[PDB]
Amino acid sequence: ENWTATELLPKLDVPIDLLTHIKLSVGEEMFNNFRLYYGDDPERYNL
Amino acid sequence: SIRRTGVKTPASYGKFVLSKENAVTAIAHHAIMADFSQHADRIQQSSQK
Amino acid sequence: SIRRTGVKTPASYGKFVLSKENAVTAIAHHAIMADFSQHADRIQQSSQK
Amino acid sequence: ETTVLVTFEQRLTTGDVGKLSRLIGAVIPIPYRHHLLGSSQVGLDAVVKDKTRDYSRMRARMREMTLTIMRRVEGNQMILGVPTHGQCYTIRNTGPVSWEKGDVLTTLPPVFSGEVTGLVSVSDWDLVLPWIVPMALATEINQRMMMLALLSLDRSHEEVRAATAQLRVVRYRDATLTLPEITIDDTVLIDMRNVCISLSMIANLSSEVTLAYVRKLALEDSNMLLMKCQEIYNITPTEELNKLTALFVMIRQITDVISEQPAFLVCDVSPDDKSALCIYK
Amino acid sequence: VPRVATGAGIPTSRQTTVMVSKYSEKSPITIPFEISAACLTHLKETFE
């Protein structure tokens, strides 16, 4: 993606649906084309 | 347990529409962000709302 | 062929001041486009004007 | 059907469709010829990734393909008009040969100097286009496949490879391509027989006037063709008519062995040398 | 582009659509300057 739009622009905090857990979901690619950060992400502020 | 009843349903399809503001996003780079005008108000508003 | 001449000159910088919508565009697809809403006016109006 | 709307069916990019937007007018083969096809069939790449993968099986395969012309590339719809026999169509160049206005073009399987990404290896699938070569490079590259298959008949194991490398750098107009490390395959062998049979019958029909013509000409003339070919009566003309004609049956056949299908015949070439008005499928 | 074609047997021209692009170059300027900590300390504590 161009993930920075999701990083800065407002969210769709919506009724969601997960199978097992979201980390296992993205580690099985239940979700297609994810992105994952444990840390306080600094790359959303360098553009 | 099967009950046979009339179900409320839509009688037409949905509308997803390209704004004037959204059409420039096409001829810039072919990829369309929905609510592209809505996030425009958001940057002159706070950080994320 | 030389004169010492009082010549008009800009005392101030110019302002390339982004639309807040243009910042929405740059976070959307990394392409600032000059006078974005004016191009949207040209979409709802004649294209090559 | 003629107009072929194509499903992409893969996950393409903006950088994909920007390339085909400038490639409108390219040659894409389709096997099934529907109005609605998917990109599994549309494109030539899906058979050049076979496991045997020699020029002997790819050339004989794609003569059952049906060529189309790229039109109306916006987003995910590919309009492919199947050309009709004898209308003028323009064609964007897919291979670096300048096509030299006024001549017949053909269909070359794939570059086969490596495996070129024809568009972009999208989901490990690229869309590779045929080369459209001006029938001189087509016949020559098909000649040398049988030249070096006749060579491997009477060589042991190395004077093949010392003489294929002599003959594989084909220096053509704008292109120096490579014979694909010639694999001896039976589609060559069934037709290398009939070539060797066609060479036999010309020796039978050579009625000692057609024979001795160069060997009588070297006594009188000094020509460039005459000197390079030094190293390399009867009152029956009506019979010589029939023997020369039966000789012409063979040479219109033994050329047709190594020649290809006549295809797009050049109307005009742009000064850009990229888009070429062409008639005659 | 403009266009001009002429005569018979004289070649002609098709469409040359020209969209050129010119780019930018970054060159950030930087000067240092030094201020002594005693000079700052006279602002800091300001003795008797």
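What is the fewest-to-most order of A:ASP17, D:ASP273 by other Cβ atoms lying within 10 Å of their Cβ? Working shown, then result.
Numbers: A:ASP17 5, D:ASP273 15.
With the sparsest Cβ surroundings first, the list reads A:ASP17, D:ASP273.
Run the quick spin-label model on D:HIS157 and D:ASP50: label points 7 Å from Cα toward the beta carbon, then report their separation in nm to one decimal.
2.8
Taking a cut-off of 29 Å between Cα atoms, list the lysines near B:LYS20, but don't count ones fewer than 8 places away on the same chain.
A:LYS11, B:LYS49, C:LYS15, C:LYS20, C:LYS49, D:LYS19, E:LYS22
For chains C and B related by rotation, which residue of C has the Cβ nearest the axis, and what is the rounded distance in Å?
Axis-proximal residue of C, distance in whole Å: C:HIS29, 2.
Which ordering of D:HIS34, C:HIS29, B:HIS39 is given by a fewest-first count of other beta-carbon atoms within 10 Å?
Lowest to highest Cβ neighbour count: D:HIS34, C:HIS29, B:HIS39.
What residue among B:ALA23, B:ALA31, B:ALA11 shows peak mean-square fluctuation when chain B is described by a Gaussian network model with Cα springs under 10 Å?
Largest GNM mean-square fluctuation: B:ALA11.
Run through the other copies and list how far each one's label point is from that of B:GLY6, in nm with one decimal, shortest first; the point sits 7 Å from Cα along Cα-Cβ.
8.9
Just to verify a number: FRET efficiency for D:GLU239 and D:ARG193, C-beta to C-beta distance, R0 = 22 Å, to 0.05?
Once the sixth-power term is evaluated, E becomes 0.15.
Which value does Rg/Rh take for the protein assembly as shown over its C-alpha atoms, Rh per Kirkwood?
Radius of gyration relative to Kirkwood radius: 1.14.
Counting only other chains, what is the mean number of Cβ atoms within 10 angstrom of the Cβ of each residue in peptide B:32-39?
If you average over the peptide's residues, the count of other-chain Cβ atoms is 5.
Listing B:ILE2, D:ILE132 from the residue with the fewest other Cβ atoms within 10 Å to the one with the most, what is the order?
Going from sparsest to densest Cβ surroundings: B:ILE2, D:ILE132.
Over all Cα pairs of chain B, how is the pair count split among 5 Å bins, expressed in % and running from 0 up to the last occupied bin?
With 5 Å bins starting at 0, P(r) equals 5, 16, 15, 13, 12, 9, 7, 7, 6, 6, 4, 0.
Can you tell me which of A:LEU12, A:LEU36, A:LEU24 moves the most in a GNM of chain A? Springs connect C-alpha atoms under 10 Å apart.
Evaluated over chain A, the most mobile residue of the options is A:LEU12.
Using Cα centres only, tell me the gap between the stretch E:16-45 and the stretch D:61-127 in whole Å.
53
Of the options D:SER206, E:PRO32, D:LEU150, report the single residue whose Cα projects farthest towards the positive end of the charge dipole of the protein assembly as shown (beta-carbon charges: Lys, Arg +1; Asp, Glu -1).
E:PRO32
So if I take the centroid of the Cα atoms in the stretch B:23-49 and the same for the stretch C:17-49, what is the distance between those two points in Å?
Taking the Cα centre of the stretch C:17-49 as reference, the centre of the stretch B:23-49 is 10 Å away.
I need the shape label for the stretch D:1-111. Rule: rounded when a/c is under 1.5, else prolate if a/b > b/c, else oblate, with a, b, c from the alpha carbon gyration tensor.
rounded
Can you spot the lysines whose alpha carbon is less than 19 Å from D:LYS101's alpha carbon? Ignore those fewer than 8 places along the same chain.
List returned: D:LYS274, D:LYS281.
According to the Cα gyration tensor, what semi-axes, each the square root of 5 times an eigenvalue, does the equivalent ellipsoid of chain D have, listed from largest to smallest in whole Å?
So the three semi-axes of chain D are 42, 22, 18 Å.
What is the magnitude of the charge dipole of the protein assembly as shown about its Cα centre, with +1 placed on the Cβ of each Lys and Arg, -1 on the Cβ of each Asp and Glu, and no other charges, expressed in debye to the nearest 20?
Roughly 1620 debye for the protein assembly as shown.
Normalised by the residues of the stretch D:1-86, what does the relative contact order come to in percent, with Cα pairs under 8 Å and at least six apart?
44
Mean projection of the alpha-carbon convex hull of chain E over all orientations, in nm²?
That works out to 7.3 nm², a quarter of the Cα hull's surface.
Tell me what the protein assembly as shown gives for mean residue ellipticity at 222 nm when only DSSP H runs of n ≥ 4 count, each as -39,500 (n - 2.57), the sum divided by the residue total, rounded to 500 deg cm²/dmol.
Value at 222 nm, helices only, nearest 500: -9000 deg cm²/dmol.
Ordered shortest first, which distances in nm separate the 7 Å Cα→C-beta label point of C:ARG42 from those of the other copies?
Going from nearest to farthest copy, the values are 2.8 nm.
Please find the FRET efficiency linking D:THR66 to A:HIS21, where r is the Cβ-Cβ separation and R0 is fixed at 60 Å, and quote it to the nearest 0.05. Intermediate values should be presented prior to the final figure.
Values: r = 51 Å, r/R0 = 0.84.
The value I calculate is 0.75.
Cβ coordinates were reconstructed from backbone atoms using ideal geometry, including for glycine residues, and neighbour counts include every protein chain displayed. Quick note: the coordinates plus some simple rules give every number you see, no bench work behind them.
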